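Below is one structure, written out as structure tokens, with a few remarks after it.
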Amino acid sequence: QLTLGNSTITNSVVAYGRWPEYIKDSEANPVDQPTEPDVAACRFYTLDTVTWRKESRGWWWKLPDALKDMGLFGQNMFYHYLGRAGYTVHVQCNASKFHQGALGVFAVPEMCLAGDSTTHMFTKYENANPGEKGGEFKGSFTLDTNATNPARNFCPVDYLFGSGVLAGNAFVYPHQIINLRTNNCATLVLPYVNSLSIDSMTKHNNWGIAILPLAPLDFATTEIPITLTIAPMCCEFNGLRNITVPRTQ
Amino acid sequence: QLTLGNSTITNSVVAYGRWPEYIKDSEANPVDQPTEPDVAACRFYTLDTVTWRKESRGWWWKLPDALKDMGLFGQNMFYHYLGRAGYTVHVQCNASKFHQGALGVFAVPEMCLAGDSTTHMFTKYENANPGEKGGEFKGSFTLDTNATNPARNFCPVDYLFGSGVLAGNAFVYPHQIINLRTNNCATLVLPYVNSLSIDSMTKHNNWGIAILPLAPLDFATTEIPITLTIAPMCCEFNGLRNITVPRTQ
Amino acid sequence: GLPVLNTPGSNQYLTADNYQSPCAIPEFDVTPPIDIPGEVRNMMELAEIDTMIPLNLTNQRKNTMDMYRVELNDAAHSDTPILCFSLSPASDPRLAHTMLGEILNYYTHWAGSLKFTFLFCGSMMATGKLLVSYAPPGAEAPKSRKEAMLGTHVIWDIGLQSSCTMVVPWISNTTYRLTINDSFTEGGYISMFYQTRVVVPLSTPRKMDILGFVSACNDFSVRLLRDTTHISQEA
Amino acid sequence: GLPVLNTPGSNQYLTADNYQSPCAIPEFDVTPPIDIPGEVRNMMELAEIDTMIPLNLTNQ
Amino acid sequence: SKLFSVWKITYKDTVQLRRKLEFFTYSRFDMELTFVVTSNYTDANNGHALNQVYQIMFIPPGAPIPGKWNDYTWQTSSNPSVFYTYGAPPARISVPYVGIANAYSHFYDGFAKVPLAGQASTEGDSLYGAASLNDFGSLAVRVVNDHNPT
Amino acid sequence: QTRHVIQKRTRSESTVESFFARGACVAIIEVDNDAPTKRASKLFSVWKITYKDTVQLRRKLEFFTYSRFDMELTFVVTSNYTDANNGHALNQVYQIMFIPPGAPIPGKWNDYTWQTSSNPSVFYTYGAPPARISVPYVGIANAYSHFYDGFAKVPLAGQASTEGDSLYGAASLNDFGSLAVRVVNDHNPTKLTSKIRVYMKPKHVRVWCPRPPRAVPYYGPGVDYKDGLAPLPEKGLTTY
Ligand SMILES: CCCCCCCCCCCCC/C=C/[C@H](O)[C@H](N)CO
Ligand SMILES: CCCCCCCCCCCCC/C=C/[C@H](O)[C@H](N)CO
């Protein structure tokens, strides 16, 4: 039973064996007094549930992007120039003893994804930051040929792990396997990982979450939901001003 | 209340935190016994008063040039090959509580001023050493096109601080602001600054005084006087001979 | 002779090298130093000196003394800014040519807090309150006092003190900002607004000037010496 | 000067050499490190991590 | 003929070192740069040349980029420059860790700008994964010699 | 409100030593190895030693009023053929003779003065690494003067206009002599042209009385200005 703030959840991987922690005085770059909302923002938020089908190729989210509209955490994120947080990611996917299938849940620091165009690094901010809905991996690469109105979106291929690396090696990242015959949940504890003590949450996504079907879902007859519950941890915010309002769509 | 010799004056800046001092035996280049007139020359002399108007661009003086005709100090200066002195500069400018305006008073070591001609370094001695009357800054640069009888004078532009540097940076020099709403006087204590322990006073001006209107004078209806009172300090003179009589006009 | 092996880099001239070389004037009796006033050990000493900001770079004011003066008047209160500029001390045109900007333009990286002092040059009879705000970057630059007041700010009573100093503390994602206009290392926004309004009695100037000054705090430092764009030579 | 004799190998550039060289940016105040998670000291650490085998390399 | 060339400093123009580095997300190291200089004649009917000297000037971000092979910028009063004599062993310099962050970022999952509501499409647009965390300046290379007949 | 930060940043690279710890080009001296009778080739060149022929080092130095430092001079020598139809040349040797004030200036590329019995001379072989020498602080004053607000002469009453006239700001405080450069080789059948680039590095630097930096283009050895008097660009008062 894992409790954070007013939220409780009732196999577990600490990424790099490093629990999330606050900035030490010896590593603090900004000088203003940080904001530490603690329980009001450091709590489990449940994202919109996705559906695992036989044909599903995979799903991806970005943190803190996926939580940008999650109550007071989102408010603090958009009201501050600088933000820092670890996470507890809880992937929930239950099925019967007569179902089969396996999911690889990977937490990837700096999870950059390949674009969909011959123009390099052309994925626009709106598509790179979908929010809680996240995005999906594709079976193959489809180059976007629309010159007038380019989609300017990611085209993350599953077996290339969306970034031109073999998916089988994605286990080098902190990960957990949800094997339907063994377990129905995965818990990943992610410390704040970055080349800086603190950064802009709106500009920069510190973590990516990739869920790939390692073994396709099957049932003797089928679709089962997957639910992500993410709690930001050891939140710190700096640089209070008027609220940021990112452009959307 | 600042008293020197027989003179008394009734906010204060010591340039470079160094009070004027006599030459130490370990820094004395000349070997003859120095002349130290003390009070007879180390006293406040009041220069001719200038008028601050709405259109005034600024004023400048050179030390010891401005004091060359100031009684016994001037006599000792012109009777000796070598002279050394610090200064106490007291700028006096009073107005009503209903006046507004601000003066920047800058003491500049080696205050070289730009010429008025395409010929480099062509300002003649008479114009470079105007005496107590000093000179004025100009709003813009006017090249002197008279080839037969060139003016051979300075053309010090105010926003270029008369020497091709932005006036806003002149605060790196020892300075004081006379803000009419706050104060009516500025006192600058200048030590003898030079690359030598002692030098020729007639050849070389150790200090320049530049008074610029940082905020133009204004009054609801206007002109107000500015009076400079300068006391040479820690005077030393060496190399007595017949009196120097510089060429004038 | 002693067996030696010349490595890569031999015979090069690196302008930043620090090697010994023969003296062309051996046994020269150097003139000893004297205790000249105002010795400088570090360029940051110059950067810590307040110098006047050319805040008003309009067409009719730039490259004149007027560019240093920002005009306040006694009109009715508004929330519109008196002045606005970005916290890019090396590349923002108002700050680039200050002494701090000049020093920073010889370096690639800068970090530390800044001091912005403002001097009110109106009459002694003028009263008023102003708001001076620093907004860290990432949001829309404050269009009005309502937004600006959400960031760091100071209320300045011109009647009480003719001068107000606001410290812009070092807040940055990176440990150093570049000395160029750069989105990733953007430093935020500085704005000034009327808090109440400038009030004058009769027979008093209804328009006056304020002056801006900027300097570096004691925590300021720079890195990666480089040539500046502020001086060039033709032909 | 000190008598020296240049041996074979002088003036070569061996890409695997380990020699000193002059610093192009002397007195640079290096940004200090922070305790980033997941530091790697040896490539074998990566080799000791289980990764999925592409066992089925059929045409389809 | 390009009398001078400006190359933005990066490890991404080639692949081998890039792949090795990108085995990892973050790195922190000093750098050793070795410059191997080769030259050749382009024709045989215009005489010969005297040994060339090359200037390799490091232009950190913000310093003026040369516009001509002999403009003022080559005075290099503050830019580090290496003058290499042709036929000498390859030039070599070292640099410490110069990242403005606490480590170099091989992957940056973000943008330099966040577009804001009410801004036009052209405004707030920056390349995905592009940050000044890897803005290390450039190298400007010229031949100091005045030209030969060939 | 502020937090506790254990600051680690130092000002090592902004010390006056570090700020000037670079070789800066102060002169490009052109010489020719050619037959003496061509009358267009300069077989020797005399350059008065100064930092004011270029601007970058000049501006950096003129951040301050007074300076005191030793100097490192590095000479980078480049050469080239001027035509292709007169054969080739053997490796050139260059003489760079320091002529202190008062020593006889050479009048011909091969006159007696090049014996350099008392003048320091550096003989540089072409293709060798750039020549380098060091000099201590040689000012006749206790510091070098970047700005001298005075004259070398004071005109006296009764003297004609021509007498007592000296340039404003010109003093022998910066009279450091000259460098005379020649190619020691006798000429080849083909003309060769060489340039010696002089790079100056102040060392053990001390400076006094900081000044605002030069803001408009330099015009002459003094502080005069004629052109480029509008360095500030246009920017709205309320434009971020
Ligand atoms: C004499 C001037 C030329 C020598 C100076 C060269 C300047 C080098 C300074 C830039 C430092 C680049 C360091 C490497 C950059 C790579 O992109 C990152 N390390 C990637 O991890
Ligand atoms: C072998 C002979 C050539 C090498 C000797 C070169 C002679 C150099 C002696 C003159 C010293 C000049 C020092 C620098 C002059 C500058 O104008 C001042 N330092 C300005 O502050």
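Every chain in the structure tokens takes a letter, A first, then B, and so on in the order presented; its residues are numbered from 1, and the ligands are numbered from 1 following the presented order.
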message: I want to know what sits within 9 Å of residue 141 of chain B, based on only C-alpha atoms, with residues of the same chain fewer than 6 positions away left out; could you give that as an MDAnalysis selection string?
response: (chainID B and resid 116 155:157) or (chainID F and resid 225:226 229)
task: Please identify all polymer residues within 6 Å of segment 89-98 of chain E, counting only C-alpha atoms, omitting same-chain residues fewer than 2 positions from it, and present them as an MDAnalysis selection string.
output: (chainID C and resid 8:9) or (chainID D and resid 11 21:24) or (chainID E and resid 29:36)
message: Within 9 Å of ligand 1 (counting only C-alpha atoms and all ligand atoms), which residues show up? I'd like them as a VMD selection string.
response: (chain C and resid 13 to 16) or (chain D and resid 23 to 25) or (chain E and resid 9 to 12 18 21 to 22 26 to 33 55 to 60 79 to 83 92 to 99 103 to 106 133 to 140)
task: Check segment 14-189 of chain F with DSSP on the backbone and list each residue it calls alpha helix (DSSP H), as a VMD selection string.
output: chain F and resid 16 to 19 56 to 62
Write the residues of the selection above to a file with N, CA, C and O atoms, as an mmCIF file, in the first residue's frame.
```cif
data_model
loop_
_atom_site.group_PDB
_atom_site.id
_atom_site.type_symbol
_atom_site.label_atom_id
_atom_site.label_comp_id
_atom_site.auth_asym_id
_atom_site.auth_seq_id
_atom_site.Cartn_x
_atom_site.Cartn_y
_atom_site.Cartn_z
ATOM 1 N N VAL F 16 42.519 40.309 -14.253
ATOM 2 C CA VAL F 16 43.159 41.123 -15.283
ATOM 3 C C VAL F 16 44.218 40.315 -16.018
ATOM 4 O O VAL F 16 44.423 40.498 -17.223
ATOM 5 N N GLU F 17 44.894 39.400 -15.321
ATOM 6 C CA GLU F 17 45.836 38.517 -16.003
ATOM 7 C C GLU F 17 45.127 37.701 -17.078
ATOM 8 O O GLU F 17 45.541 37.696 -18.242
ATOM 9 N N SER F 18 44.035 37.027 -16.709
ATOM 10 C CA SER F 18 43.314 36.191 -17.667
ATOM 11 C C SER F 18 42.713 37.023 -18.793
ATOM 12 O O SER F 18 42.722 36.605 -19.956
ATOM 13 N N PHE F 19 42.181 38.202 -18.468
ATOM 14 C CA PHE F 19 41.558 39.037 -19.489
ATOM 15 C C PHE F 19 42.548 39.419 -20.583
ATOM 16 O O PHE F 19 42.153 39.590 -21.741
ATOM 17 N N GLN F 56 41.396 45.672 -31.285
ATOM 18 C CA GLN F 56 40.904 44.771 -30.242
ATOM 19 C C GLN F 56 41.731 44.901 -28.966
ATOM 20 O O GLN F 56 41.209 45.243 -27.893
ATOM 21 N N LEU F 57 43.036 44.634 -29.068
ATOM 22 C CA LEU F 57 43.905 44.801 -27.911
ATOM 23 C C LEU F 57 43.876 46.238 -27.417
ATOM 24 O O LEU F 57 43.941 46.484 -26.210
ATOM 25 N N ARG F 58 43.789 47.202 -28.336
ATOM 26 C CA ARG F 58 43.735 48.601 -27.929
ATOM 27 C C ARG F 58 42.532 48.863 -27.032
ATOM 28 O O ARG F 58 42.660 49.486 -25.975
ATOM 29 N N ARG F 59 41.350 48.401 -27.443
ATOM 30 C CA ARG F 59 40.155 48.612 -26.633
ATOM 31 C C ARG F 59 40.294 47.939 -25.275
ATOM 32 O O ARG F 59 39.995 48.546 -24.233
ATOM 33 N N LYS F 60 40.779 46.696 -25.262
ATOM 34 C CA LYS F 60 40.927 45.996 -23.990
ATOM 35 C C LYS F 60 41.871 46.748 -23.059
ATOM 36 O O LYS F 60 41.570 46.945 -21.879
ATOM 37 N N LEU F 61 43.017 47.190 -23.581
ATOM 38 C CA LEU F 61 43.954 47.953 -22.765
ATOM 39 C C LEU F 61 43.323 49.248 -22.272
ATOM 40 O O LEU F 61 43.462 49.607 -21.098
ATOM 41 N N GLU F 62 42.602 49.946 -23.145
ATOM 42 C CA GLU F 62 42.044 51.248 -22.815
ATOM 43 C C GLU F 62 40.811 51.151 -21.931
ATOM 44 O O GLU F 62 40.250 52.190 -21.569
#
```
- request: Return as a PyMOL selection string every polymer residue, whether protein, DNA or RNA, with at least one atom no more than 9 Å from an atom of ligand 2; count only C-alpha atoms and all ligand atoms.
  value: (chain C and resi 23-25) or (chain F and resi 49-52+58+61-62+66-73+95-100+119-123+132-139+143-146+173-180+200+202)
